[PDB]
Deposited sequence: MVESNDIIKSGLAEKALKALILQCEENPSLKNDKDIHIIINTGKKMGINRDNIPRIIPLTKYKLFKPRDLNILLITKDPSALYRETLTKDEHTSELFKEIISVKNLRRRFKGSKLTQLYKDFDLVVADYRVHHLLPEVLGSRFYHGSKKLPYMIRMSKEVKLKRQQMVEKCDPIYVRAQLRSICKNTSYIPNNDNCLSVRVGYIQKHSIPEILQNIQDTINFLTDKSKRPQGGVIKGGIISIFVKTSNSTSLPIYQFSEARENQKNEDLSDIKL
């Protein structure tokens, strides 16, 4: 069909055009009938990829922003076999506000949800997710609470890298990363796009899914530098 033809042409264009080296992420652009009708939030919502997985944490350079002082979380995560190489840098929110683009050295940034509102552009991967350093309630061995639970952190990061995300808006269209050139085959990409579409138009999955309003007018596929190829009209 058409859609398979579109990806095959974009993958080829990434191998033929010298401009499209260091083009990596593949995004679809969904144009909808109405504005999404959500006041802009700027916190990533997760979109669940079922069959395949976008990334694994070990793929990316991840930045962790924590409650200040960060020393405790840095030391615990760093000295634990499950999380030693998980992050690239662990810094306090104060350390980050003093640096203030800003994340141009990181593929991903996750912040302690407790310091999220203290953080300082539309089209940006590096918008921070929220995570917990500790389970709100652990049933196992309750006489001890972990302020920083490196398995639980890794869990959260696994679930962030393998899925994809979107940033709610009151916008006519919405972009969503669906694959990595060379890292995903044409079927894996396409499966990711359908998952994206199924979730985003499933009214049972509200409030995060089923957000698209007014139907889907079109869906294009794109890299940063390439042409916008129609996937569905």
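The chain's deposited sequence has unresolved stretches at 1 to 10, 111 to 116, 137 to 143, 257 to 274, with no C-alpha coordinates there.
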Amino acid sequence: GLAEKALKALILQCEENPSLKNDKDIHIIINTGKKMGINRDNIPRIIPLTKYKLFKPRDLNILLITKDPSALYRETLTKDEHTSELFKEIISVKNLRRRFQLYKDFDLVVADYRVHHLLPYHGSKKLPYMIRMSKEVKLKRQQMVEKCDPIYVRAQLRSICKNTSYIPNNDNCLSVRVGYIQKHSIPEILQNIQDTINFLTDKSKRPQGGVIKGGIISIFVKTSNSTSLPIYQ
From here on, numbers count along this sequence of modelled residues.
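When the mean C-alpha temperature factors of 121 to 129 and 74 to 82 are read from the deposited coordinates, 121 to 129 comes out higher. Stretches compared: 18 to 26, 216 to 224. Higher mean C-alpha B-factor in the entry: 18 to 26. The maximum CA B-factor among the listed residues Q191, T164, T66, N169, taken from the PDB record, is found at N169. Each of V178, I38, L49, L200 has a CA temperature factor in the record; the biggest one is found at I38. When the modelled residues of the chain are ordered by C-alpha B-factor, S92 sits in the middle third.
For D149, the recorded CA B-factor ranks within the middle third of the chain. Only modelled residues enter the ranking. Per the PDB record, residue ranking by Cα B-factor puts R99 in the middle third of the chain. Ranked by C-alpha B-factor against the other modelled residues of its chain, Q182 falls in the highest third. When the modelled residues of the chain are ordered by their C-alpha B factor, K34 lands in the highest third.
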